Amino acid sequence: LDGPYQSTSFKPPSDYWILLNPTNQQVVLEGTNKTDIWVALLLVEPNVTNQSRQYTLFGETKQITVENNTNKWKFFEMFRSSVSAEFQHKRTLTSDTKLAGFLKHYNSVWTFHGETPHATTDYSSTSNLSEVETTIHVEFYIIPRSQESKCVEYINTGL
């Protein structure tokens, strides 16, 4: 919808879907309010044998075991609620579209999980939504939640 945005660090306005358009395996998003929510989406290329890859998350060097036995791409949703904790593999988006989503809405942070073309949304709660800031490493678009059905379309079948 709103055309290609270059990679940047910003606090997205609420009720707007950020639609990430990555090309290469990567840490594609880091989002936190530095209080009770840390979210990171790691893009894993197709046909990846179980192995521990090194990622930089919020200035910290982390080893994360990744695996992708499919021809599709997988977005690893790493999550922690306290800065002192280690990241957990909370959800996964298995995709042939290579698009992912990020939305701030009603005290929660919404992402997509499942497998295309049947990927669905889920959320994580936070006590300070307004202060969650995202470092989008890749090109992205912005779609309002008043057109969320369009963003579901793109997530599952592409732009």
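In case it trips you up, residue 1 is the first one in the sequence shown, and so on.
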Problem set entry | Mean Cα B-factor comparison, 20-28 or 144-152, giving the higher one as deposited | 144-152
Exercise. Which is higher on average in the deposited entry, the C-alpha temperature factors of 48-56 or of 99-107?
Worked result: 48-56
Exercise. Taking the C-alpha B-factors as the PDB entry records them, is residue 66 in the lowest, middle or highest third of its chain?
Worked result: highest
Seminar exercise, completed: Of the three thirds of the chain ranked by Cα temperature factor, residue 78 occupies the lowest
Seminar exercise, completed: residue 126: CA B-factor among chain residues, third -> highest
